[PDB]
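Chains as they are written, first to last, in the deposited numbering: chain B, 590 to 595; chain B', 590 to 595; chain A, -4 to 231; chain A', -4 to 231. A prime marks a further copy of an entry chain. Data first, discussion second: the structure below is written as structure tokens.
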Ligand SMILES: [Mg+2]
Ligand SMILES: [Mg+2]
Ligand SMILES: [Mg+2]
Ligand SMILES: [Mg+2]
Ligand SMILES: [Mg+2]
Ligand SMILES: [Mg+2]
Ligand SMILES: [Mg+2]
Ligand SMILES: [Mg+2]
């Protein structure tokens, strides 16, 4: 999965 | 489900 | 046109890139530019044009339905008055949607349909004319509603007449035309019995002709036949 | 501004309708109009602004990555020359993306940040400044790349300094700031060890403070803590 940002 | 159109 | 300086082949290449990037507004603008070069469209090019605008107008229609539902609830008994904003914003989306339909109908009238002589192109464009008048009919509420509905009906009926004479019953354009005209009958023209009859007859006549097809054509036809069956299941 | 004639409250109401209709470009335009009224934004309004632009720029960034990958493949040995179209279209998307980032950074500079005195607003806006400089850094290739990267770093670092002094370690803004600054370290600043250290320390300090929270706040904080853990799992 693609790394998370918010 | 919603009826299909194409 | 802002695409007037770009080569036809470059517009087509960029339309395909825009599709891969899911940039459907760009894809539609590139294809409009390609149409305005004045040459007829190949089969692949016609399908790029239709994919682009179907995605653009599909987003607008989905948004319009969300806003229409909110506006309807606002007008029920017991609902607090919230001002003109819901109507105004529904109208803004509606006007944008109508603009896109008018753009597509304008490309068909100037001059895609008049130059389309082969059944596959002519039926394809007349189906598109019916579809975009149908999208106008979905939002129409005034004096012209009946004429908008009749314009959709007339375009679909011409496409049906040509497709029956010139195409096999398994042709995917013929099948999708019938699927959409059946939906027109069901939800625009208040004719559910006609919608069901058309879907059933179209399915059965395609079934009987599958034996003539290659494996790849069989897959193409059965995909749309399943949509006809899905609608019949929903409606019966 | 095209929104100059619309009431602030009507812009906010329409931004919420646009969100429900998934019309994020409209939502962003409405929120830009609301910011330009010159009043400070409430917490809910700040989150409408961020949701709108995050969705707009997120679509642009995803499209840019698709086009960049195609352009990279075109420049490999053995790839047929296809002309300037891929570069041109990647550049078009890139310029649009940079325009949106410049718009957001302009709203922050005129005058959201200078009027933001409470920690929750100031940290939120400085996180946004870091994020939008980071999106500029994702596409930067020229003489200013180092300064763009340093502008992102500086905004994030100020936000971190304030958040550590003024917020609990479970505050969702603090957690999301740390998540994003950690990603900045990993993939912009070539500092994976710093990225991992920040994510781990942020997670552990939040864990130790969960006992102070209500059930609803606990849910808010643990959601972002799971994102920190997801990144740590990806990176180790
Ligand atoms: Mg030429
Ligand atoms: Mg009441
Ligand atoms: Mg109207
Ligand atoms: Mg009956
Ligand atoms: Mg006022
Ligand atoms: Mg070769
Ligand atoms: Mg550039
Ligand atoms: Mg190490």
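Positions of the beta carbon are idealized from the N, C-alpha and C atoms, including for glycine.
Short CB-CB distance (under 9 Å) between residue 3(A) and chain A': No, residue 3(A) does not count as interfacial toward chain A'.
- prompt: With respect to 8 Å, is the separation between the Cβ of residue 85(A) and the closest non-hydrogen atom of ligand 1 below this value?
  reply: Incorrect: residue 85(A) has no Cβ contact closer than 8 Å to ligand 1.
task: Using a Cβ cut-off of 7 Å, pull out every chain B' residue sitting near residue 171(A), in sequence order please.
output: Annotation: Cβ neighbours of residue 171(A) in chain B' (cutoff 7 Å, chain order): 595.
task: Report yes if the CB atom of residue 151(A') is closer than 9 Å to the CB atom of residue 175(A'), and no otherwise.
output: In this structure, residue 151(A') sits near residue 175(A'), with a CB-CB distance shorter than 9 Å.
Rounded straight-line distance, which links the Cα of residue 202(A) to that of residue 113(A): Each residue's Cα considered, the two are about 25 Å apart.
query: Would you report the Cα separation of residue 50(A') and residue 107(A), rounded to the nearest angstrom?
result: One alpha carbon belongs to residue 50(A'), the other to residue 107(A), and they sit about 36 Å apart.
task: Label residue 158(A') either buried or exposed according to how many other C-beta atoms from any shown protein chain fall within 10 Å of its C-beta, with 16 as the threshold for buried.
output: Under a 10 Å Cβ-count criterion, residue 158(A') is classified as buried, with 16 or more other Cβ atoms of the shown protein chains found around its own Cβ.
- prompt: Taking buried to mean at least 16 other C-beta atoms within 10 Å of its own C-beta, is residue 96(A) buried or exposed?
  reply: Around the beta-carbon of residue 96(A), 16 or more other beta-carbon atoms lie within 10 Å, marking it buried.
Residue 163(A') (DSSP reduced to helix, strand or coil): Coil at residue 163(A'), not helix or strand.
task: Give the straight-line distance between the Cα atoms of residue 197(A') and residue 155(A'), rounded to the nearest whole angstrom.
output: Here the alpha carbons of residue 155(A') and residue 197(A') stand approximately 11 Å from one another.
field: Close Cβ partners of residue 200(A) (< 6 Å) along its chain, the five nearest in sequence each way excluded
entry: Excluding residues within five positions, the ones whose Cβ falls inside 6 Å are 164.
Residue 181(A') at chain B interface by Cβ criterion, 9 Å: Judged by the 9 Å Cβ criterion, residue 181(A') is in contact with chain B.
message: Less than 6 Å between C-beta atoms, sequence neighbours within five positions excluded: which residues of the same chain meet that for residue 219(A')?
response: Cβ contact annotation for residue 219(A') (same chain, cutoff 6 Å, sequence separation greater than five): 167, 170, 171, in chain order.
- prompt: How would you list, in chain order, the residues of chain A' whose beta-carbon sits under 9 Å from the beta-carbon of residue 260(A)?
  reply: With chain A covering only -4 through 231, there is no way to say anything about residue 260(A).
message: Using a Cβ-Cβ distance cut-off of 9 Å, determine whether residue 42(A) contacts chain B'.
response: Using a CB distance cut-off of 9 Å, residue 42(A) does not count as an interface residue toward chain B'.
query: Can you find a CB in chain A' that lies within less than 9 Å of the CB of residue 81(A)?
result: Yes, its Cβ sits closer than 9 Å to a Cβ of chain A'.
message: Under 9 Å, Cβ to Cβ, is there at least one residue of chain A near residue 195(A')?
response: No - not a single Cβ of chain A is within 9 Å of the one on residue 195(A').
task: Measuring alpha carbon to alpha carbon, tell me which of 13(A'), 193(A'), 30(A'), 110(A') ends up nearest residue 22(A').
output: Out of 13(A'), 193(A'), 30(A'), 110(A'), 13(A') has the C-alpha closest to the C-alpha of residue 22(A').
query: Cβ of residue 73(A) versus every heavy atom of ligand 2: is any distance shorter than 8 Å?
result: Yes, the beta carbon of residue 73(A) sits closer than 8 Å to at least one heavy atom of ligand 2.
- prompt: Is residue 210(A') near ligand 4, with its Cβ less than 8 Å from a heavy atom?
  reply: The answer is no for residue 210(A').
task: Would you mind giving the Cβ-Cβ distance between residue 595(B) and residue 229(A'), rounded to the nearest angstrom? I have them listed as a contact below 8 Å.
output: Actually they do not touch by this definition, with Cβ atoms about 15 Å apart.
- request: Would you mind working out which of 47(A), 36(A), 87(A) sits nearest residue 58(A), comparing C-alpha positions?
  value: For residue 58(A), the nearest C-alpha among the options comes from 87(A).
message: Could you check if residue 188(A) belongs to the surroundings of ligand 4, using beta carbon to heavy atom distance under 8 Å?
response: Checking the Cβ of residue 188(A) against ligand 4 gives yes.
message: Quick check on residue 41(A): does DSSP put it in helix, strand or coil?
response: Here residue 41(A) sits in helix by DSSP.
query: With DSSP run on the structure shown, which of helix, strand or coil describes residue 212(A)?
result: Correct three-state label for residue 212(A): helix.
- prompt: In whole angstroms, what is the alpha-carbon distance linking residue 0(A) and residue 16(A')?
  reply: The alpha-carbon atoms of residue 0(A) and residue 16(A') are separated by roughly 36 Å.
message: Could you tell me the alpha carbon to alpha carbon distance between residue 216(A) and residue 131(A), rounded to whole angstroms?
response: Straight-line Cα distance between these residues: approximately 29 Å.
query: What residue does the alpha helix (DSSP H) around residue 9(A) start on, and which one ends it?
result: Where residue 9(A) is concerned, the enclosing alpha helix (DSSP H) stretches over 3 to 15.
Continuous alpha helix (DSSP H) stretch holding residue 79(A): start and end: Run containing residue 79(A): none; DSSP gives neither H nor E here.
- prompt: Based on Cα-Cα distance, which residue from 27(A), 48(A), 94(A), 62(A) lies nearest to residue 123(A)?
  reply: Answer by Cα proximity: 48(A).
message: Please report the straight-line C-alpha distance between residue -4(A') and residue 31(A'), rounded to a whole angstrom.
response: Put simply, the backbone Cα of residue -4(A') is about 8 Å away from that of residue 31(A').
message: Quick check on DSSP: helix, strand or coil for residue 139(A)?
response: DSSP, read as helix, strand or coil, puts residue 139(A) in coil.
query: Does DSSP put residue -2(A) in a helix, in a strand, or in coil?
result: The answer is coil: DSSP assigns residue -2(A) none of H, G, I, E or B.
field: Inter-residue Cα distance where the pair is residue 160(A') and residue 8(A)
entry: Straight-line Cα distance between these residues: approximately 54 Å.
- request: Indicate whether at least one CB of chain A lies closer than 9 Å to the CB of residue -3(A').
  value: It does not: the Cβ of residue -3(A') has no partner Cβ on chain A nearer than 9 Å.
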